[PDB]
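Below is one structure, written out as structure tokens; the observations come after it.
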Amino acid sequence: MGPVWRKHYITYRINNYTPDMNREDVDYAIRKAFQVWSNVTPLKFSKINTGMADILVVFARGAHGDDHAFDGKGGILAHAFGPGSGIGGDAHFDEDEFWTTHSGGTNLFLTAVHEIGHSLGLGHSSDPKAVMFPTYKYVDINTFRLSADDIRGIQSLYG
Ligand SMILES: CC(C)ON(CC(=O)NO)S(=O)(=O)c1ccc(-c2ccccc2)cc1
Ligand SMILES: [Ca+2]
Ligand SMILES: [Ca+2]
Ligand SMILES: [Ca+2]
Ligand SMILES: [Zn+2]
Ligand SMILES: [Zn+2]
């Protein structure tokens with residue numbers, strides 16, 4: 001195994017908000033993305049408005065304080081660090097993308113599900129049906145499901 005959180009109670013905080021979307025829509029996309037993983041694990045996620053949080057959610061562009069600069073519009077969409085202190089767990093979204101609640105631009109909810117998978121310790125899948133397969137493609141949000149591979153992976157880490 002790579003690194004895993006050593007507690008099942010995990011906190012998150014949204015550092016800043018993309019101007020591409022309404023604030024309320026960012027909050028909702030992120031909450032629902034955490035819920036996807038909560039639904040198949042003993043993990044419980046709790047939002048912090050101010051102070052220390054395990055998973056910091058950040059929107060930033062270009063070089064933004066870690067060794068992994070974003071690349072402007074297109075290409076890399078986002079990245080996340082595996083479980084750990086400090087930057088460990090943190091999920092970064094490239095502001096040079098256009099984040100949306102729908103099929104236009106790049107869907108924030110779906111991308112966050114993939115990134116939070118990384119924040120929890122998952123690597124990439126070779127199952128094209130898995131959210132951890134490293135190709136972004138819009139599927140509608142109401143019918144989105146984790147694949148059996150995603151579930152096998154996350155349950156192998158927690159529970
Ligand atoms: C390795 C590389 C091809 O993938 N990316 C870097 C990465 O792994 N960050 O997590 S990505 O940013 O392009 C990328 C690609 C796909 C997705 C993705 C996959 C499924 C659903 C939503 C987004 C997110 C980022
Ligand atoms: Ca980019
Ligand atoms: Ca962190
Ligand atoms: Ca943007
Ligand atoms: Zn980063
Ligand atoms: Zn990835």
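Side-chain atoms are counted along with the backbone in the values below, which use heavy atoms only and exclude waters and symmetry mates. Start at 1 with the first residue, then count along the sequence. Atoms within each ligand, like the ligands themselves, are counted from 1 in listed order.
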Legend entry - Min side-chain heavy-atom separation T106-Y138 under 4.5 Å: no

Legend entry - Aromatic plane relationship, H92 with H79 - under 30° parallel, 30 to 60° tilted, over 60° perpendicular: tilted

Inset, instruction - Evaluate side chain to side chain donor-acceptor pair (under 3.5 Å) for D127 paired with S147, printing each intermediate quantity in order. - result: CA-CA 8 Å; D127 175 20; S147 78; 3.2 Å; yes

Inset, instruction - If you have a sec, work out which protein heavy atom is nearest atom 9 (N) of ligand 1 and how many Å separate them, to one decimal? - result: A78 O, 2.8 Å

Inset, instruction - State whether the side chain of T11 and the backbone N or O of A53 hold a donor-acceptor pair below 3.5 Å, judged by distance alone. - result: no

Inset, instruction - Considering the heavy atoms of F133, write down every atom of ligand 1 situated less than 4.0 Å from one of them. - result: 19 (C), 20 (C)

Legend entry - For atom 21 (C) of ligand 1, closest protein heavy-atom neighbour: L110 O, 3.8 Å

Legend entry - Protein contact to atom 10 (O) of ligand 1 [nearest heavy atom, distance to 0.1 Å]: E115 OE2, 2.6 Å

Legend entry - ligand 1 to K137 polar contact by distance, N or O atoms, under 3.5 Å: no

Legend entry - Pi-cation contact, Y17 with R23 (under 6.0 Å, within 45°): yes

Legend entry - Minimum-distance protein heavy atom relative to atom 20 (C) of ligand 1: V131 O, 3.2 Å

Legend entry - Student check: side-chain heavy atoms of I30 and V26 closer than 4.5 Å: yes

Legend entry - Heavy-atom nearest neighbour in the protein, as seen from atom 19 (C) of ligand 1, with distance rounded to 0.1 Å: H114 ND1, 3.3 Å

Inset, instruction - For atom 12 (O) of ligand 1, find the nearest protein heavy atom and state the residue, atom name and distance (0.1 Å precision). - result: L77 N, 2.9 Å

Legend entry - Where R152 and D149 come nearest, the two heavy atoms and their spacing: NH2-OD1, 3.0 Å

Inset, instruction - Any chance you could measure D54, atom CG, to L120, atom CG, to the nearest 0.5 Å? - result: 10.5 Å

Inset, instruction - Just let me know how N107 lines up against ligand 1, side chain, backbone, both or neither, with a heavy-atom cut-off below 4.0 Å. - result: neither

Inset, instruction - Looking only at distances, please establish whether an N/O atom of ligand 1 is found under 3.5 Å from an N/O atom of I76. - result: no

Legend entry - Donor-acceptor contact below 3.5 Å, side chain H64 vs main chain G62: yes

Inset, instruction - Could you check atom 16 (C) of ligand 1 against the protein and tell me its nearest heavy-atom contact, residue, atom and distance included? - result: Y136 N, 3.5 Å

Inset, instruction - For the Ca ion (ligand 3), state how many protein N, O or S atoms fall inside a distance shorter than 3.0 Å. - result: 4

Legend entry - Check: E95/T18 side-chain N/O donor and acceptor closer than 3.5 Å: yes

Legend entry - Single-linkage hydrophobic cluster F109~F133, side-chain heavy atoms < 4.5 angstrom: no

Legend entry - Trace of the side-chain contact (heavy atoms from CB on, under 4.5 Å) decision for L146 with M132: CA-CA 9 Å; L146 288 173; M132 296 312 298; over 6 Å; no

Legend entry - Protein N/O/S atoms closer than 2.8 Å to the Zn ion (ligand 6): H114 NE2, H118 NE2, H124 NE2

Legend entry - Sidechain N-carboxylate O distance under 4.0 Å for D96, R61: yes

Inset, instruction - Report yes or no: do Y12 and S46 form a side-chain donor-acceptor pair below 3.5 Å? - result: no

Legend entry - N/O donor-acceptor pair under 3.5 Å between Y136 side chain and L110 backbone: no

Legend entry - Atoms of ligand 1 close to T135 [distance to a heavy atom under 4.0 angstrom, numbered from 1]: 16 (C), 19 (C), 20 (C)

Inset, instruction - Please work out which of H79, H124, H68, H118 has its closest non-hydrogen atom nearest to atom 1 (C) of ligand 1. - result: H124

Inset, instruction - Compare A130, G74, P134, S125 and give the one whose heavy atom is closest to atom 15 (C) of ligand 1. - result: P134

Legend entry - Residues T100 and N107: side-chain donor-acceptor under 3.5 angstrom: no

